[PDB]
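Before I ask anything, here's the sequence and the deposited coordinates:
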Amino acid sequence: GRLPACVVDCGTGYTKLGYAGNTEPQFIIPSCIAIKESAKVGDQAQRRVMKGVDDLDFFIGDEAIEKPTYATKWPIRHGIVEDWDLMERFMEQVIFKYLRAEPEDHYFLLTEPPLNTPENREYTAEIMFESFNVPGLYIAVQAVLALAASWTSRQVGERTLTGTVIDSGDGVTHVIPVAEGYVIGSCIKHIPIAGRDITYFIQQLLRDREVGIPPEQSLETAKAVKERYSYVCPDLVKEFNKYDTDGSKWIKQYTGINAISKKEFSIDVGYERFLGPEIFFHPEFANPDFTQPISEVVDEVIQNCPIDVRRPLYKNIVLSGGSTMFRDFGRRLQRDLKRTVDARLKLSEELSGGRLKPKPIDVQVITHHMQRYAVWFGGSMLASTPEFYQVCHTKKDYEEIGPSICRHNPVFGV
Amino acid sequence: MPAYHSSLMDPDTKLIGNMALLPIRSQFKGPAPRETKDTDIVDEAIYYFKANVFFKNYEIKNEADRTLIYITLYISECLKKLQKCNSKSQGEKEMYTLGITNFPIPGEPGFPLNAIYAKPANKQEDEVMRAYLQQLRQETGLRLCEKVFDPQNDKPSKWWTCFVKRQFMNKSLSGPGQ
Amino acid sequence: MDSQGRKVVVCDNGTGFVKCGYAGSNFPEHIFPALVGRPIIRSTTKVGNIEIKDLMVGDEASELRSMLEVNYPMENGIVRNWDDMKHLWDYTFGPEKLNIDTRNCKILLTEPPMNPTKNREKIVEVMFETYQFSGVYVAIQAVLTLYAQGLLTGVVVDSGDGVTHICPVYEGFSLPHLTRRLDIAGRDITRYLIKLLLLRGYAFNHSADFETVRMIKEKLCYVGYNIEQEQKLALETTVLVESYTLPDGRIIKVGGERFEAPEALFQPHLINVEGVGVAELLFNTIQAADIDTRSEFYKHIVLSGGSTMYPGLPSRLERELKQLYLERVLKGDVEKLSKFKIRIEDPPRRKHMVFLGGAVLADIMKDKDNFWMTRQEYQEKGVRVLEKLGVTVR
Amino acid sequence: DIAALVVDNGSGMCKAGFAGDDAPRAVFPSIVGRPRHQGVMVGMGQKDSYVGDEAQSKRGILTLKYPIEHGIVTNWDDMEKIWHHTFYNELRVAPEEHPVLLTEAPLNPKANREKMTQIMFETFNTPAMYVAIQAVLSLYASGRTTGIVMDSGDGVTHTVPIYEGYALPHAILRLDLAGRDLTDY
Amino acid sequence: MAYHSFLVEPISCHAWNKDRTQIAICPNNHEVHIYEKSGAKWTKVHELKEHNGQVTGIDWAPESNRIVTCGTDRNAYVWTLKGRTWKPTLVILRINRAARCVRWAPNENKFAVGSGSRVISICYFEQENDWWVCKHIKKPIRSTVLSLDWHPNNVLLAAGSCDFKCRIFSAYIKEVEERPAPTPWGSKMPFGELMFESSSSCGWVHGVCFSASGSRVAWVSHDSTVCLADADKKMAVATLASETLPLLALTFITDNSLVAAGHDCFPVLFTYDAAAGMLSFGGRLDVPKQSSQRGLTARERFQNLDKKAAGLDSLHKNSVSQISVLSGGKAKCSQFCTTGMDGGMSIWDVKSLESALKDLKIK
Amino acid sequence: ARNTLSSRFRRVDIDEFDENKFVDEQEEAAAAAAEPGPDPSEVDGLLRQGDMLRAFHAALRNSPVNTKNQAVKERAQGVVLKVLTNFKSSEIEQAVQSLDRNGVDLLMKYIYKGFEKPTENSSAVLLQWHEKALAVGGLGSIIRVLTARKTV
Amino acid sequence: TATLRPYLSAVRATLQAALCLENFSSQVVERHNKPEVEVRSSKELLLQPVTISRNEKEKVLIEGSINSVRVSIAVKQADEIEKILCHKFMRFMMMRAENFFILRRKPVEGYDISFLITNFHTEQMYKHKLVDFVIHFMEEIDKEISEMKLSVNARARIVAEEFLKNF
Amino acid sequence: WXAXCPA
Amino acid sequence: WXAXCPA
Ligand SMILES: Nc1ncnc2c1ncn2[C@@H]1O[C@H](COP(=O)(O)OP(=O)(O)O)[C@@H](O)[C@H]1O
Ligand SMILES: Nc1ncnc2c1ncn2[C@@H]1O[C@H](COP(=O)(O)OP(=O)(O)O)[C@@H](O)[C@H]1O
Ligand SMILES: Nc1ncnc2c1ncn2[C@@H]1O[C@H](COP(=O)(O)OP(=O)(O)O)[C@@H](O)[C@H]1O
Ligand SMILES: [Mg+2]
Ligand SMILES: [Mg+2]
Ligand SMILES: [Mg+2]
């Protein structure tokens, strides 16, 4: 008989492991690896050669953050794997320790961001096909699986196959318009500004103002401040004024534990309540290359799709990923989008001569019960169908053509 | 989304060089007329300062924007000196003796924005611009010394001295980082 | 200059570049990009010695783009911004350009085919009310290209920065039902190159970086010949990687992109345009003409426009046309293919053919009074004076 | 290639330059001056801390303090002042764009290099740094990969033997005796 | 005698003026750089920038002072010196592939451009229209035309090709010059005629050269063979197969002796014995120089111990690509200039070379 | 996106049907009257007798360096390889030094044509042959081997 | 080594009989400048492909041209472990084919590795040093693969000792 | 444009 | 230092 396919959604800040056919990932670990690192001289490809069996003395996931004598490395940066040695070791413990899957009896469904270079896919195919020897692989785009995770929380008869998926993870934020089940790939947008940029901005804010934060935790604090006291503001300068004139109400206190002497430190959370998420509607706060808000990027995405599929795309904007769990994020997004759309419609009516008043475009932003792991569940659907075993790259295909079998994805033509 | 520009340009506003000689509600001497409405350019600059320091693109649209740019650049100099003080009665003296200190004007070495600031055409316009900038500096320091210092402990509040490292578009009226 | 001392200017007003001069000239007197910039401050750039006015236009607005926010007043041949276009025209007829008194000059303007009529109407209105020209004519671009080449028959494939259009003409009689207009040109190729470079980790998101990517596409990119062979070169070898130094100082590497960005002219589906390439569109345009004109249309394929200057575009176009002809006319008879005679006339100065044709036509018709639209006719009729050209508007 | 600032900044005199040259671009005594008399002539401009050569020239009315003693940073505010003067006044370069290669004597307390890294990353925001041992660099400069370096600075003396590149860390001898002790003697 | 390295990138081609005081070179890009001899050092005086692709042929007419440049943009330009700047006049070649070589005629009335379109373009002037026009010689040619050299009678034209054959065409233009006099090559000389065609079928022909008197035509092949066809002997071929790497350029220093160079980087000398009809290896011209070694500093020792864990005994460190005759003509030469793919420019001397080696006799 | 129109007209390679392509000429006398090359019977007779130098010279007496027939070329190549790979490793220098320049320029071709179809020890001796022939003839021989248009 | 000495001498002498490259612009396309051995567009700019073999299964195929040389190497592979290691090693060499300027991202079918030296690599880089690199690769590849094999054996022994120690 | 495409 | 010597 057949065994369920393994689903491994490898994200920059968190990896979701499971067996296809379930409702939620069996494991959600941090995407980090603790290896023994010491003071050495020479290149990186030369000091990584470990004598004996010392290359198996490493940990991953939750067990890699606890280890205080190991060095913690993150192999994935901005969704693109920058280190393949650490990624191979991470994958081998993901398969042989957590999933406990024999990699020769299970099809694998990995994930990727839209702008993953083809050489990354070729290296992933080389790893899964020659090292782990999987009978089949399928590298699906991350946000396109997040659409089929909003159907579990919406009433019957309004579970559509058309919508704009906004996936904001730890390292990348991408916008994918799906229409009737077909990924409109030539309209996908991809911005490397995401949760971790918010965490760097927040720690730089805290470090310029607060005192008493242990250095070795200056990041771990900026996550607990970001994922707890952060919201979205309707206006920036008005919020600065609201904090200045009535600071006794808007300024909160965060009390953490210094995990060396177990003492407690206390800091004041002020402007970084609303300046964190604001790098979504002002990306220049974290990366001066991008200057375009997320509402305008979504509007460009939808306005580039075919005409008669623009009106349903506005109706089912599905959020996904952790970085979209900010209070009143969807509300401000929908407000800006409604402003843009109504202004465009009124301009078109005025240019027409003033005879017809067209239907106001319904704009809706869908928050659902599965956002934190909306991608994985989507995979758990796709990798549970029969047709799945018809779209995978069989081992024969790799043995015949080579890793170049995995070189194409729906973002580029030919 | 664009930064916060000033909305005080009027078609009858006079120009000095290419900066809007906007009226100001102050007590110091200067060539700028007196204001009757409850908001001058300095109040607007102090209102928009905390937000304008985080942006990294600032399109100059009119001359009132150039005046607001100058005042936003000078608040960053006031903050550097107010960070060291420990009593509002000393902050006021520091702000006075800083406003007196002559900073470079458009068309001189050390001014960060010579490219986008029209220098004076003669000596009279030079003198008027010097006096106008001095009045702006004095009144901005005077107004800011009442914002930075909170009355609970009468020393610079950490909510204003955290913007000492934040530079408006990485420009400054002082030296390059000194 | 005519017999009245009234200078006869010729101005091309392209979406991506203005080429202006006088009648009878052999080369455009001024070729400068058509973009208007406004000064801005950026946290990554620092300049404090070059005087930057509140409004830079044209050449200086492109060379000084690092400290400006630039925008084109034209797009797809349709003027999107009228104030910026008026500034560009003020600069064109200004002292630091063609220096003319517009009250006593005639002008020869152009326009792509199949363009909204309000555009031409407003351009003529502006030329007669703002600059108060003494005479204006709006000629057709393919007609001017055939004037410059020195022909009376041929199928002009004019691919500018803003728009590609294929216009056949036979014995001097314009066939307006065969005029095809594909909306892929230099600018869409530049955007596709920006996408491809973003796949490599470089971000060109500002208004100024667009000109940097344009100057990259102009130096490095080229149209492939046998796209299977080019893909084999890009995937198997490493002889296509070439370095380019950005203005700031960064060194980028461009590889297979060199032949993937300009391929969107022959395979539009790469940039989400549902249609046929320029070669298949040319072949369908020809095969839509009467049987007695196809054999002469095949022998006078006149290339024009800057976007046809990619290294190896004539040869690739010829190969594509020969393959289409072999499969869809000879139905697969290789013996007869050697008898098929194409001639893709790609002159060396094919980047300014429209201006040279305008210069020839103006040198011919400067001294007539039934050719130009006179200012008096405008003051009497309004936008109806355009009926002189053959375009009927009320 | 990238240009990386090399800031020796041993005790006694700070010598900073760019990587790739043959001599430090700026060499100045690492001292900090403080006025010890009242200011009476107002309007001439005054400063409350002179650094480097300026503090040396005006030493007649200052209390020169060395921020480093016996190879250890003992006053971090004056050390930050020295580094700021090195970055923005001597080299006149933005420190947030170039890596920094600092030097430290062997067998110093770990808190020294820890606070050094913290200062160089949280105050000047250098994109990368590296703390090398002085004698190893001294051996680099001599163009040989074997020998015993005997480095006698202004506040610390130490010897490091190296053979074929493999430095022996169990025979590094340090001795707090250098130019300042000789000056006092 | 000297060696001067203008740049590290190859030099495509070079040309001297009448008094050998200025040189025009290609920096391996679109520009043409004109340097001037100022005492002992060279100083760039002019930059000519009109081409779209890198120039592949430059030639300087001595008497009229007009430069001709052909490049890979399928175009040719004639630069004339107006006052202080060189202004270009465009020539319409009507080729559809990259040009390869250009050569002025001896009388400076026309010039020949060999291109990769399997044609030769004989360009001349039309003063009735101020129009640089061209005619085509394209019949027996089946590949690129690599090298050109004109007969001293302004009509015949030697052309080497990548089709393994050296040919002697007749470039007679009946609108710029009179009917030519009969030569030992043939009495019938219409435009485009074929007077001689070598019998070789192996190796490309990198360089051809007519004799000083126009009675002998010599050429070099990639087959390592140097050949000479004599016209006073029923067009008889004398071949010499070398045992070194191939040659790229050659010239006639006398009516009996040749100076070739190539992928060896040093000039060699050959001789022709008319009384027997056979070439003789006169021998290497350059004396093998001993390149001084330098002690390494510590910065360079570690720089090339980390990064990488002269071999040639001549002036040029890369293959020599072009040989010209500086002074003395082809009847009795005294100085010849060589430029190669290392950016260097070696001004040789025949007297000093003959003095250094006494085992070296110039026929 | 993807293309939903017929793109099969791009697979036809018209360049192989070109009329301006390069065709390698051959002489009419060399195409009509083909040279049979060496006489193999004489070679086996001179080998059985036990004279190596004369069999070597008889292998290089005449060669199909003008014909276009594959059978004669392959047979001549086989005979000359049978002579080359059967010498003692000592008498190779003497046999090489008994050849004119053209003899060496042809021996190098017969060597480089023996590497393409090797046997248990054919290449181990052809390498010594190449060593001696390169010592005598230099890189010019290898270049006259590369830039040849008719292979033997 | 000393058993590859005549084979490597022949390969080196054939390498610097080719690699006499020149600049050349294409004939079948307007302005492209492409390596003539990769496109195989013109049959007149292609020299004879010469093979140099030490035995039946170790060889070098050299394909010359006017502006390019393609050198394909078929390496010794004695058993299956050496075959696997040679495949993986050549693959890890191809991965960095822009640091190796003369390398080729895919080997010619039938051969283990392939170098493609155009004329720019002989104008901008030392020619004799490229020849030396090719010959050094051919010298040392067998030794390095044998050391890989010994490393695999040592890993197997250590794994066996790590298991049988717990009993 | 006004309808269809931008211009 | 903290113990021994000053620094
Ligand atoms: N409730 C929340 N509010 C704000 N940010 C969050 C929340 N939960 C997670 N994040 C941020 O999102 C990132 C992890 O989300 P995830 O979707 O797992 O990204 P990825 O899948 O790329 O690792 C972290 O950077 C985290 O700080
Ligand atoms: N040599 C070239 N190769 C490829 N593209 C070019 C080249 N030159 C110009 N272009 C593109 O075409 C445009 C110029 O063509 P042009 O005909 O001047 O456009 P317009 O329609 O504005 O006149 C530029 O914007 C550029 O993107
Ligand atoms: N040329 C010299 N001759 C004698 N003493 C010197 C000389 N140069 C420096 N010194 C003394 O050596 C002392 C310490 O040397 P120094 O180089 O300052 O140490 P560091 O390298 O740590 O700065 C100085 O105080 C100085 O007085
Ligand atoms: Mg994710
Ligand atoms: Mg145009
Ligand atoms: Mg020292």
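Noted; the coordinates are in hand. Numbers count the residues shown, from 1 in each chain, chains lettered A, B, ... in the order given. Ligands and ions are numbered 1, 2, ... in the order given.

can you give me the helices for the chain?
Because you didn't say which chain, this covers chain A. Residue ranges of the helices in chain A, as given by DSSP state H, are A:62-66, A:84-93, A:118-126, A:142-146, A:195-209, A:218-226, A:236-245, A:247-250, A:294-304, A:310-313, A:329-352, A:374-382, A:388-391, A:395-401.

wrong one, I was asking about chain G
G:5-15, G:36-39, G:80-95, G:120-124, G:127-164.

quick one: the first one near chain F?
Okay, so that is helix G:5-15. Yes: for helix G:5-15, a contact with chain F is found by CB under 8 Å from any CB of the partner chain, at G:6, G:7, G:9, G:10, G:13, G:14. For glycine as for every other residue, the C-beta is placed from the backbone atoms N, C-alpha and C.

can I get the helices of chain G in TSV with distance to chain I?
Conversion of the helices of chain G to TSV gives the following (distance: least, CB to the nearest CB, whole Å):
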stretch	distance to chain I
helix G:5-15	63
helix G:36-39	67
helix G:80-95	51
helix G:120-124	55
helix G:127-164	46
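
and the residue of the stretch 201-350 of chain A nearest chain B?
Here the stretch 201-350 of chain A gets closest to chain B at one residue, residue A:209, 3.8 Å apart by CB to the nearest CB.

does the residue lying closest to that residue once chain neighbours are set aside sit in a helix, a strand or a coil?
Leaving aside its chain neighbours, residue A:209 sits nearest to residue B:162 (3.8 Å; criterion: CB to CB, 6 or more residues apart in numbering or on different chains). Recorded secondary structure, residue B:162: helix (DSSP: H, G, I helix; E, B strand; the rest coil).

and the residue of chain F found nearest chain E, what does it touch?
In chain F, the residue that lies nearest chain E is residue F:138 (3.4 Å; CB to the nearest CB). Residue F:138 is in contact with E:243, E:244, counting by CB atoms under 8 Å, 6 or more residues apart in numbering or on different chains.

hmm, try it at 6 Å
residue E:243 (CB atoms under 6 Å, 6 or more residues apart in numbering or on different chains).

Around ligand 2, which positions in the stretch 201-350 of chain C sit nearby?
Counting by CB under 6 Å from any ligand atom, the residues of the stretch 201-350 of chain C close to ligand 2 are C:214, C:217, C:218, C:305, C:306, C:307, C:309, C:310.

Could you measure from residue C:366 over to residue C:1?
Between residue C:366 and residue C:1 the distance is 8 Å, computed by CB to CB, to the nearest Å.

Deepest-packed of the helices of chain A, please.
helix A:142-146 (a mean of 28; mean count of other CB atoms under 10 Å in any protein chain shown).

elements contacting it?
On a contact count with 3 or more CB pairs under 6 Å, 6 or more residues apart in numbering or on different chains; DSSP states H and E, helix A:142-146 meets strand A:163-168, strand A:173-179, helix A:374-382.

quick one, the second one and helix A:195-209 angle?
Note on geometry: by axes from the mean of the first three to the mean of the last three CA atoms, to 10 degrees, strand A:173-179 and helix A:195-209 are set 150 degrees apart in direction.

need the helices of chain A in TSV with distance to residue B:16, can you?
Output for those, formatted as TSV (distance: least, CB to CB, whole Å):
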stretch	distance to residue B:16
helix A:62-66	60
helix A:84-93	61
helix A:118-126	58
helix A:142-146	54
helix A:195-209	36
helix A:218-226	45
helix A:236-245	27
helix A:247-250	38
helix A:294-304	37
helix A:310-313	51
helix A:329-352	38
helix A:374-382	58
helix A:388-391	70
helix A:395-401	73
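
Which one, of these, ends up nearest to residue C:162?
Among these, helix A:294-304 comes nearest to residue C:162, with 18.5 Å by CB to CB.

Skipping adjacent residues, who's closest to residue A:365 in space?
residue A:330 (3.6 Å).

Close to ligand 6: what parts of chain D are there?
D:10, D:153 (CB under 5 Å from the ion).

For chain B, what's the nearest residue on chain D?
Closest point on chain D to chain B, by CB to the nearest CB, is residue D:88, at 4.6 Å.

and the residue of chain D nearest ligand 2?
Chain D approaches ligand 2 most closely through residue D:1 (31.8 Å), counting by CB to the nearest ligand atom.

tell me which element that residue falls in.
For residue D:1, there is no enclosing helix or strand under DSSP states H and E.

Tally up the residues packed near it, please.
When neighbours are counted by other CB atoms under 10 Å in any protein chain shown, residue D:1 registers 5.

Over to residue A:293?
So residue A:293, with other CB under 10 Å, has 19 neighbours.

Same check on residue E:137?
When counting by other CB under 10 Å, one arrives at 23 neighbours for residue E:137.

The one 10 residues further on now?
Around residue E:147 there are 25 other residues, counting by other CB under 10 Å.

Now the phi/psi pair for it, please.
Note on residue E:147: backbone dihedrals following degrees, to the nearest 10 are phi -130, psi 150.

Relative to residue E:162, how far out is it?
Residue E:147 sits 11 Å away from residue E:162 when distances are taken as CB to CB.

before we move on, what about residue D:14?
The gap separating residue D:14 from residue E:162 is 66 Å, by CB to CB.

ok so, going back, looking at the residues of the stretch 201-350 of chain C next to ligand 2, which is nearest chain I?
residue C:214 (60.6 Å).

And the closest one, which helix or strand is it part of?
Per DSSP H and E: helix C:209-219 holds residue C:214.
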